[PDB]
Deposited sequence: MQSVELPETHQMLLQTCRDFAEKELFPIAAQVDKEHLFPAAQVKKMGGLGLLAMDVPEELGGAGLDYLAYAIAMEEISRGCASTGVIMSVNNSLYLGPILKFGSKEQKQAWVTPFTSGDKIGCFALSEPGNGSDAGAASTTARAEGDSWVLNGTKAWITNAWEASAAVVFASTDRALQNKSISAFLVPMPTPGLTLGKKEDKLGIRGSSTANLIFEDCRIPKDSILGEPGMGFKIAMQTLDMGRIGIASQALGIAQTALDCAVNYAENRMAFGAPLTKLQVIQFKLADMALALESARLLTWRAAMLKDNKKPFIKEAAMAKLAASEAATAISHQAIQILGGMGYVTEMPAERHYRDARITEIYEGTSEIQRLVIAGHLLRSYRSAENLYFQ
């Protein structure tokens, strides 16, 4: 790693050990939003890593973001997803597709932890099938009028703004303030894990927003959504790496100190093998993530690469966390140790920002297009 990125890593790891490890159990048990910690992170630049310093951000790159995301998620996975949604899914598309004015109004006040945003694509009847949005935007006067329900929205209860995708005929993106007349929140979902982040429906009933609330041009929405998810996928890959790293750390320390049949568990061959496979899966997932980050930072294509990273990391996080429980034994099954929380948090990384199935379809599609292109050059 570069020197800068090494220092960043140490700052983030110190933060995580100081501020996140001591609350992780509480945040999870009580489904508690980590308010004070998100705000401190805001001051550190972690909620706006890839945002130009001129717009109020850290002025860093996606590799730095990937590194920071891992270290944060290692401390608290919920804190990780909150940070990832703000960077990749909220601020991301606004920097990419927004006017100078939209950036001033909707980026800058959301860079410091005073306000955060959210991303609303999924609906109760469709999440993988993104283009099947039934939520409608209709132009009427100096306004777009929004009607429908978005589902599963991370940060719904804490967000001051949302990038919302609505059918205009055919999908468009809109900047929506929160709260706003004609927008109500559903009840907070009761989740298996990442319990400190809020997840709730967004309910639009003749919600009016000004005409310049549209992000990009009408019909650009599906493309805005897909490109934003490419970036988001790197963030989720990093979160999954943090979850996996901390689960592995937990297994190693335990197994070194737990005695069985006369010696530490780490004298048993089978334990060494579990641990070696855990380390291989994690390091492999990490390199795929950094590849995808560096490609994005060099303005090269990264769709296949982000899908691979998210896929590899999420499945490693679930495998590794399972094996951490197994190595701990009975201690793995109770809330006295952190391993059972790891297994619970890990499990969402295979679902959100495109299920594993979707990721494979994306990779396959890009694989097959690349070979078809190479074939055509002959003709």
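Of the deposited sequence, the ranges 1 to 5, 175 to 180, 391 have no C-alpha coordinates according to the record.
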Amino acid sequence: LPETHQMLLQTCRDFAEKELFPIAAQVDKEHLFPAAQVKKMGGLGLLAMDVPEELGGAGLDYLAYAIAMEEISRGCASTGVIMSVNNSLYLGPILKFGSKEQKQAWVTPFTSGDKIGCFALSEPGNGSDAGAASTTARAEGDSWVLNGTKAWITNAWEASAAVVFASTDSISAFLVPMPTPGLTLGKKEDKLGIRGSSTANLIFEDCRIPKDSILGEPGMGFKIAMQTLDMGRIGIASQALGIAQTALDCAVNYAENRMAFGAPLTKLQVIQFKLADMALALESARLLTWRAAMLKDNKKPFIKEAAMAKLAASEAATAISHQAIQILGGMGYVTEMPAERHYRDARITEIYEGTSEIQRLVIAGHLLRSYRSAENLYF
From here on, numbers count along this sequence of modelled residues.
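Stretches 296 to 304 and 282 to 290 differ in mean CA B factor, with 296 to 304 having the higher one. Per-stretch averaging of Cα B factors for 129 to 137 and 67 to 75 places 129 to 137 on top. When the C-alpha B factors of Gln104, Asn87, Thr246, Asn155 are read from the deposited coordinates, the top value falls at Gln104. Ranked by Cα temperature factor within the chain, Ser160 sits in the middle third according to the deposited record. Sorting the modelled residues of the chain by their CA temperature factor places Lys274 in the lowest third. The entry lists a Cα temperature factor for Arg13 that places it in the highest third of the chain's modelled residues. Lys150: CA B factor lies in the middle third for its chain, per the PDB record. Annotation for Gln239: C-alpha temperature factor in the lowest third relative to the rest of the modelled chain, per the entry.
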